[PDB]
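If you want the building blocks of each chain, they are given just below.
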Amino acid sequence: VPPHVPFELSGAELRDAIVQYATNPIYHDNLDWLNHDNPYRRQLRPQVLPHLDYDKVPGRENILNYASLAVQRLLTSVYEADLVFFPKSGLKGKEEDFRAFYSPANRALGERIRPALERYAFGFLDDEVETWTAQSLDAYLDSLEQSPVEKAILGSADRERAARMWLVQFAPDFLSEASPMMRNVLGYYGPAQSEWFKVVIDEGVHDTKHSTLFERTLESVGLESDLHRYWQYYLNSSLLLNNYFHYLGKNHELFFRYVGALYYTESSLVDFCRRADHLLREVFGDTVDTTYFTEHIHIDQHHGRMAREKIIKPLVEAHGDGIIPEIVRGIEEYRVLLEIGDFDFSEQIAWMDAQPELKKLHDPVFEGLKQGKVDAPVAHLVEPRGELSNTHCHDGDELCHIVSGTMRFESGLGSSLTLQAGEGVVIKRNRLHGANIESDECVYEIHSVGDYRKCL
Amino acid sequence: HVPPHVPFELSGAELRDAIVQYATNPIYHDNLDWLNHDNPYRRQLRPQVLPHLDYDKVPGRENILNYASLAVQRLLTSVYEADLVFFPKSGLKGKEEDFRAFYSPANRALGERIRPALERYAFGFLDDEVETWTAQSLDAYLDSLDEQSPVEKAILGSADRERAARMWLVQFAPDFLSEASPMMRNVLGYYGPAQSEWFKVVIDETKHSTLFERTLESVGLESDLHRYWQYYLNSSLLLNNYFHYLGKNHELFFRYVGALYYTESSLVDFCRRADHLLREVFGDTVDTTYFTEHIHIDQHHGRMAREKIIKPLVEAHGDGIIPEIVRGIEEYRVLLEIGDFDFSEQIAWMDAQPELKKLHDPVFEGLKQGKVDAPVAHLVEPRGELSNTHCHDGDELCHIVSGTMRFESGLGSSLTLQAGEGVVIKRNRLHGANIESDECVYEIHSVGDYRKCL
Ligand SMILES: CN/C(N)=[N+](/O)CCC[C@H](N)C(=O)[O-]
Ligand SMILES: CN/C(N)=[N+](/O)CCC[C@H](N)C(=O)[O-]
Ligand SMILES: [Fe+3]
Ligand SMILES: [Fe+3]
């Protein structure tokens, strides 16, 4: 038997493999803000990927940096090669893209880089979450206010816009509802397998399928339900939460983490749906369809009790107390990700609402640079009409200054500024944004100021 | 600027090395026993032979029961099954290291890198075995689809009916004990009304795996995966793997739609024959509930598949998908033919062991007359060196010089070979051996066609 060479992929070889995956034409920059009923095109900004360091895994303070957003986008695309999608309008005329996404090559290239991407995406959780007995576990589960999202949306300068931005964050999860969970039903194991399957079944009648109900919610507020129309408006943290469940479902060494996360999500579901129904009704009035959420507003309309009694209990008995720390870890990791999502979304809404003031704030920041309060690297850019900078973020504060021409500066769904000669905008660290050129040519500068407040 | 795309490429020595890399995980090394003992993480891939196979030369149908094809089928089963959840019947306690060796980032990535090449090797021949359509002509075709069956003939014609039937039943263990797992692969995602129709079929599969457990146990077999790994025929793995292939690779979704229609439409006849044959072989003691769940004509999802899956998909996605639907049906039918042949051949081979032990004498004598010039391998193996099951691409003569060998030809099919004895080993037939003396000295003569030595 030849010696086993352990799997290894790092450094330049890893960078090249990531670029190889992501340079498939279906991943190149979109010329528009939206994907138009084409579930095979996902914007991975492959031109930036050669310049990121995938070997240096970020901690929590840096997980909203651009490299993390880039990796979350990559991971979503890799996981979704296992999911079936067809366009709403049918496959006719989209066969080439279908075959580009579902190909032996696209799968193999993505699967080769998946281990490194998962370390980059989830490695920080090792430091955010810390032997057990059946006794300790029972106490723990037993021990488990206006929410951050409610505050963000209800306090917004534009409540309807803020709520629409919120709703599109759920498109990949709710429109493919239960897909990551279904990954745990394949195979051959104990009575717990049928219990898992029961939960999945709840999430074959198409009209009552929960994804169909969420389609109606989106359509009732003027949004569309084709995946991934709103790709460029998906926040880092939203992708992270969705990806976490594909991670747990695909990687069966993490099965017991999923068991924990299932218990916690089912136990929290009714409160989540009640709040969602209330908030949406307050924002949109009679016209919003909240049936997706009201399917679970009755106190017993969840699978939490069954998860504890028919999944956790039999698994601990069968497989021993060694699995308990994994159950707890799934719960605690998921709770960390929820915190990150609340922060990221709140920050994004504030950033969208502040655009007029951040356009004005360009003036004193630009003046500060002239006075030499900060010595800021400058990038000088010249871009033609319709060069659409697909959405991204930067790791420090940046000042965008227009020398000549006209730019549409995009900060969120329904959140835009028109920047003309001599105008600009303060771009806040980690905030999702993009731009398009509206004149024949636009000449502009990006100044890397670090902390814009030092220029004031 | 966007860097140029380097197309995915893996072939030649790099591919061989990658296959060996995957398969040298300790959980894949040769078993010291004939059976896996309630450990679903250990699968025998005979990694020591893998460096010497040519994965670039894709076999045609005449060669798909050759050893390289068996080796690739074993590899593919293991690669696909990393996506399936298994725990031991006795629980995970004491098997955690193997659990983590199978479900690891490395094991998955190594298997996925080689999956494209393995699938070309496994299924490439179908391109030449199966050859624009309209909704009209598809209807005519489906309408045109339809005497002991080959399996009935093989089992009821056997020298040992109970043994033949047990050998048959273990072939289904990976499929039936994980029932509907490959089909479940098609329900993930977001597509039309057909998604919910697919899901309904999956739901419809007491859970059926539990019923098959009872069938196995009623005839003295065990239901832990993969106890009987070394007795799984090439063709059985091929049939199971085909459905994981269709389910994992969504460019093949429409092939799966066709294969679903055909399997549902053939299910009742299959189950009726299985029930009758098992009752004849075993009498009152066999539990056939797994099969009698589907002995009623038209009580399958065939009509729904045609009206609620095929029809809406053709309307939505166009007539371009129709040839793929047909191809799934025709490919599956080819694989069934191969399975019928392979299983029939294996049962005949098991039943003929006493004659093939006697036939060693004239074949060995023929080699002395100078009838065939045959390459000879001279082997010396200690007690308990268990040659995990495999096959050869030509007929081989095994001759024992000294010591004692258990020569294994199938489940419950064994010969004891002593000094001066041996056996004719028929090409493509699954077999192995164990050494029962302190040392056994023996010879393998590559005779090609043993009949030329007579
Ligand atoms: C308004 N521009 C901006 N925020 N940039 O980061 C520069 C964009 C540079 C280039 N068009 C791209 O998409 O990378
Ligand atoms: C009875 N022996 C036999 N049929 N062989 O092919 C050779 C056995 C060679 C070696 N033990 C192996 O497992 O490959
Ligand atoms: Fe930018
Ligand atoms: Fe042999």
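Residues numbered from 1 in each chain as written, not as in the entry; some residues may be left out. Chains lettered and ligands numbered in written order. Heavy atoms only, no water. Residues with missing side-chain atoms left out of burial classes, pairs and counts.

- Looking at the method and resolution fields of the entry, one finds X-ray crystallography and 1.69 Å.

1. Some thoughts on the overall build of chain A
Stage number 1. Helix and strand counts for chain A stand at 18 helices and ten strands.
Stage number 2. A globule of 456 residues ought to have a C-alpha radius of gyration of about 23 Å, and chain A, at 23 Å, matches this closely.
Stage number 3. Taken over the C-alpha atoms alone, chain A extends approximately 70 × 65 × 50 Å along its principal axes. (Helix = DSSP H or I, 4+ residues; strand = E, 2+ residues; numbered from the N terminus. Rg over C-alpha atoms; globule rule 2.2 N^0.38 Å.)

2. Some words on the coordination of the iron ion (ligand 3)
Residues and elements named next belong to chain A.
Stage number 1. The iron ion (ligand 3) binds to the protein through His392 (NE2), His394 (NE2) and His433 (NE2); the donor distances cover 2.1 to 2.2 Å.
Stage number 2. Each donor residue of the iron ion (ligand 3) lies on one chain, and together they are spaced H-x1-H-x38-H. Highlighted residues: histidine 394 in the loop between β4 (389–392) and β5 (397–404) and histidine 433 in strand β9 (residues 433–437), separated in sequence by 39 residues.
Stage number 3. Under the relative-accessibility criterion, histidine 433 is labelled buried at 4%. (Donors = N, O, S within 2.8 Å, 3.2 Å for Na, K, Ca; no water. Buried < 20%, exposed > 50% of the residue type's maximum accessible area, 1.4 Å probe, protein only.)

3. Quick notes on the site of ligand 1
Residues and elements named next belong to chain A.
Stage number 1. Lining the immediate surroundings of ligand 1 are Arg45, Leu381, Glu383, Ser389, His392, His394, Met407, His433, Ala435 and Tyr444.
Stage number 2. Within the side chain of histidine 394, an N or O atom sits 2.9 Å from an oxygen atom of ligand 1.
Stage number 3. Between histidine 433 and ligand 1, the recorded distance is 3.2 Å, taken from a side-chain N or O atom to a nitrogen atom.
Stage number 4. About the coverage of ligand 1: the protein hides 84% of its 390 Å² of free accessible area.
Stage number 5. Mapped by element, the contributors of at least two residues to the shell around ligand 1 are β3 (378–384), β4 and β9. (Near = heavy atom within 4 Å. Polar contact = N/O pair within 3.5 Å; in protein donor to acceptor, adjacent residues only side chain to side chain. Areas by Shrake-Rupley, 256 points an atom, 1.4 Å probe, with all protein chains shown as cover.)

4. Description of the packing of aromatic side chains
Stage number 1. Enumeration according to the criterion identifies 70 aromatic pairs over all chains in this entry.
Stage number 2. For the pair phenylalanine 86 of chain A and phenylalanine 253 of chain B, a centre-to-centre distance of 5.4 Å together with 70° between the ring planes defines the contact as edge-to-face. Placement of the pair is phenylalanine 86 of chain A in the loop between β1 (84–85) and α3 (95–101) and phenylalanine 253 of chain B in helix α14 (residues 253–282), with the two residues belonging to separate chains.
Stage number 3. Classification of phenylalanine 86 of chain A as buried rests on a relative accessible area of 8%.
Stage number 4. A residue is classified by how much of its surface remains accessible, and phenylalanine 253 of chain B, at 0% relative accessible area, is buried.
Stage number 5. Here the aromatic rings of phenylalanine 214 of chain A and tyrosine 292 of chain A are separated by 5.4 Å at their centres, their planes lie at 65°, and the arrangement is edge-to-face. Of the two residues, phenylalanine 214 of chain A sits in helix α12 (residues 210–220) while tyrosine 292 of chain A sits in helix α15 (residues 291–294), which places them 78 residues apart along the sequence. Of the two residues, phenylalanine 214 of chain A and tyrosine 292 of chain A, neither departs from the other in class, the shared state being buried. (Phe/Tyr/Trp six-rings, centres within 6.5 Å; stacked < 30°, edge-to-face > 60°.)

5. Digging into α12 of chain A
Stage number 1. Burial within α12 of chain A is extensive, with eight of its eleven residues counted as buried.
Stage number 2. Those residues of α12 of chain A that sit buried are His210, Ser211, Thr212, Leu213, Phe214, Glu215, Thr217 and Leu218 of chain A.
Stage number 3. Those residues of α12 of chain A hidden inside the fold are in contact with α8 (159–169), α9 (171–174), α11 (191–202), α14 (255–284) and α15 of chain A together with β2 (189–190) of chain B.
Stage number 4. The positive-phi residue at the C-terminal boundary of α12 of chain A is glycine 222 of chain A, with phi of around 85°. (Contact = heavy atoms within 4.5 Å.)

6. A short note on the interface of chain A and chain B
Stage number 1. Each partner contributes to the interface: chain A provides 72 residues, whereas chain B provides 72 residues.
Stage number 2. Mapped onto the side of chain A that touches chain B, the elements with two or more residues apiece are α1 (11–22), β1, α4 (104–122), α10 (179–182), β2 (187–188), α11, α14 and α16 (304–319) of chain A.
Stage number 3. At nine residues, the largest contribution of residues to the side of chain A that touches chain B is made by α4 of chain A.
Stage number 4. Residues that form the side of chain A that touches chain B fall into these classes: 36 nonpolar, 23 polar and 13 charged.
Stage number 5. Pairing analysis gives two bridges linking β1 of chain A to β2 of chain B, with the strands arranged parallel. By the bridge assignment for β2 of chain B, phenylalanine 85 of chain A is matched with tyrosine 190 of chain B. (Nonpolar A, V, L, I, M, F, W, Y, C, P; charged D, E, K, R; others polar. Pairing = 2+ DSSP bridges.)

7. Remarks on the coordination of the iron ion (ligand 4)
Residues and elements named next belong to chain B.
Stage number 1. The iron ion (ligand 4) binds to the protein through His390 (NE2), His392 (NE2) and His431 (NE2), with metal-donor distances spanning 2.0 to 2.2 Å.
Stage number 2. Counting residues between consecutive donors of the iron ion (ligand 4) along the chain gives the motif H-x1-H-x38-H. With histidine 392 in the loop between β4 (387–390) and β5 (395–402) and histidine 431 in strand β9 (residues 431–435), the pair connects residues that are 39 residues apart, well separated along the chain.
Stage number 3. Residue class for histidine 392 comes out partly exposed when judged on its relative accessible area of 24%.

8. Digging into empty space enclosed by the protein
Stage number 1. Of the pockets and cavities examined, the largest cavity occupies roughly 160 Å³.
Stage number 2. The wall of the largest cavity is formed by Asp82, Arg183, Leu186, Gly249, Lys250 and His252 of chain A together with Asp83, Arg185, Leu188, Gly247, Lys248 and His250 of chain B.
Stage number 3. Where the lining of the largest cavity is concerned, the elements lending two or more residues are α13 (236–250) of chain A together with α13 (234–248) of chain B.
Stage number 4. For the lining of the largest cavity, the per-class residue count stands at two nonpolar, four polar and six charged.
Stage number 5. Around the second largest cavity, the lining is made up of 13 residues, and of these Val78, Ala81, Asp82, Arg107 and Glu111 of chain A lie nearest the centre.
Stage number 6. For the lining of the second largest cavity, the secondary-structure elements that each account for two or more residues are α2 (66–80) and α4 of chain A together with α4 (105–123) of chain B. (1 Å grid on protein atoms, 1.4 Å probe; cavity = no way out; pocket = protein on both sides within 12 Å on 5 of 7 lines; lining within 4 Å. Points joined across faces, edges and corners; volume = space filled by probe spheres on them.)

9. Focus on the pairing of β9 of chain B
Residue and element names in this part refer to chain B.
Stage number 1. Most of β9 sits out of view: five of its five residues are buried.
Stage number 2. Because side chains alternate across β9, one face comprises the buried residues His431, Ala433 and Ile435, and the other comprises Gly432 and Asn434, equally buried.
Stage number 3. Where β4 and β9 come together, two bridges link them in antiparallel fashion. What sits directly across from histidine 390, in β9, is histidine 431.

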